[PDB]
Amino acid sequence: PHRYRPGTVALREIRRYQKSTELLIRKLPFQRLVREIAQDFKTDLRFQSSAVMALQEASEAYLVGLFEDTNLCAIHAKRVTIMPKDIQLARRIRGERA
C-alpha cells in the first residue's frame, strides 16, 4: 500500500498556504463570531460587508504572525511542536500578555 510519513504532508501544507493569500477561517463562522462579540457592547448593530472583511483580515494576519513568533519559541526550546506555553511566552514578550 501507500502512506506518507509523519510531518511530510504538514511540510507540504506549510509550503502551500505560505504561497497563497486567501483567508483560512470560514467566512460564515467568523461573521457569526463578530456579531456575537459586538453585541455585548452595542445591541442591534449593523456591520458593513467591508468592516467584517477588514476585521477578519486583521485577525488572520494577527494569528499568522503570532504563530511565527510561537514557532520561534518552540524551536528555541529544542522542540518543533508548538505548545500553549510557546504562545504565552511569545505574547508575554510582545507586551500583550493578557
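In case it trips you up, residue 1 is the first one in the sequence shown, and so on.
Relative to one another, 86 to 94 and 8 to 16 have unequal mean CA B-factors, and 8 to 16 is the one with the higher figure.
The PDB entry records a higher mean C-alpha B factor for 38 to 46 than for its counterpart among 58 to 66 and 38 to 46. Annotation for residue 77: CA B-factor lies in the middle third of the chain's modelled residues. Among all modelled residues in this chain, the alpha-carbon of residue 51 has a temperature factor (C-alpha) in the middle third.
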